[PDB]
Each structure stands twice: as C-alpha cells, then as structure tokens.
Amino acid sequence: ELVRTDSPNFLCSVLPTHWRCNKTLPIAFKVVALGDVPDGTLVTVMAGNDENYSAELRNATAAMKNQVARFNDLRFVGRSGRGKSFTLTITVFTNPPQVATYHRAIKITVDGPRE
C-alpha cells in the first residue's frame, strides 16, 4: 500500500501538511489510481472541520491520465488556514463522479510548536 483513499486501489505518495500555506516543498508527490477509465482521476486536497469545507489549495488540484501522476506543485491550506483538518479527496473525471476520502485528516497549525 501507499497513502490510499477509500480503497487500496487508489494510492498516493505525499508528506504531512499539519500547518497553513504548505508551499512548494522539496518533498515532491505521486498518485496511482487502478481502474478501467481512459484517464486516471483528479486529486483535490480540501481542509475543513466536518462542518467548514474551506478547502483552500495552491495547485493541490491535480489530474491523472495513464492512471499515474508526477509533480511537486500541489499546495495544502493555500492562501492560509486555521483550526481545520486536511480532508484530502480524490474526485473522479467521468460521467459517474467517484469521490473518495483519505484515512486520517490531522488538524493544521497557524504558527507552530516553535520556530
């Protein structure tokens, strides 16, 4: 497995985002989504609080084609956030929109423990 979504059939590789305005970190990113679709899917990273749905990202909206993606552009809690958890979701790119959510969302810091 990998950072899977609803099922181990759609797999991600990212590093934690437990703070506001993630930026283009040197960590880079990958996704692999196994199915019969001609494309792969669309991954969107959304920070809310079960009742907030604020979402806010900086290119953390990313599509897949040969059922794979390669990038470093994706940005979580983009134009800032506070008091929210990171609801990473895979939103599918065909007639039946297949919307899948990531196991563990972890609440984000404004400032930090110390800097």
# chains A, B, ... in the order shown; residues from 1 in each chain; ligands from 1

call {"tool": "residues_around", "arguments": {"residues": "stretch 64-68 of chain A", "least_positions_apart": "6", "cutoff": "8 Å", "atoms": "only C-alpha atoms", "output": "JSON list (two decimals) with C-alpha atoms, in the first residue's frame"}}
result
[["chain", "number", "residue", "atom", "x", "y", "z"],
["A", 30, "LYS", "CA", 2.92, 10.90, -6.78],
["A", 31, "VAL", "CA", -0.53, 9.24, -7.27],
["A", 32, "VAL", "CA", -1.52, 5.82, -8.83],
["A", 33, "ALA", "CA", -5.26, 5.01, -9.43],
["A", 34, "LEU", "CA", -6.10, 1.46, -10.69],
["A", 35, "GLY", "CA", -9.30, 1.04, -12.83],
["A", 38, "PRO", "CA", -9.13, 6.09, -20.09],
["A", 39, "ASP", "CA", -7.68, 8.82, -17.77],
["A", 40, "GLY", "CA", -6.59, 8.29, -14.07],
["A", 41, "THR", "CA", -8.71, 10.77, -11.94],
["A", 42, "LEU", "CA", -8.44, 14.30, -10.29]]

call {"tool": "residues_around", "arguments": {"residues": "residue A:28", "least_positions_apart": "2", "cutoff": "9 Å", "atoms": "only C-alpha atoms", "output": "NGL selection string"}}
result
:A and (13-15 or 24-26 or 30 or 70-74)

call {"tool": "closest_residue", "arguments": {"among": "A:2, A:11, A:45, A:57", "to": "residue A:81", "atoms": "only C-alpha atoms"}}
result
A:57

call {"tool": "atom_distance", "arguments": {"atom1": "atom CA of residue A:102", "atom2": "atom CA of residue A:76"}}
result
14.0 Å

call {"tool": "closest_residue", "arguments": {"among": "A:5, A:17, A:80, A:91", "to": "residue A:107", "atoms": "only C-alpha atoms"}}
result
A:17

call {"tool": "closest_residue", "arguments": {"among": "A:112, A:97, A:16, A:78", "to": "residue A:59", "atoms": "only C-alpha atoms"}}
result
A:78

call {"tool": "closest_residue", "arguments": {"among": "A:103, A:55, A:75, A:92", "to": "residue A:27", "atoms": "only C-alpha atoms"}}
result
A:75

call {"tool": "atom_distance", "arguments": {"atom1": "atom CA of residue A:48", "atom2": "atom CA of residue A:12"}}
result
20.1 Å

call {"tool": "atom_distance", "arguments": {"atom1": "atom CA of residue A:113", "atom2": "atom CA of residue A:20"}}
result
13.3 Å

call {"tool": "closest_residue", "arguments": {"among": "A:108, A:100, A:37, A:3", "to": "residue A:86", "atoms": "only C-alpha atoms"}}
result
A:108

call {"tool": "closest_residue", "arguments": {"among": "A:53, A:77, A:1, A:96", "to": "residue A:109", "atoms": "only C-alpha atoms"}}
result
A:77
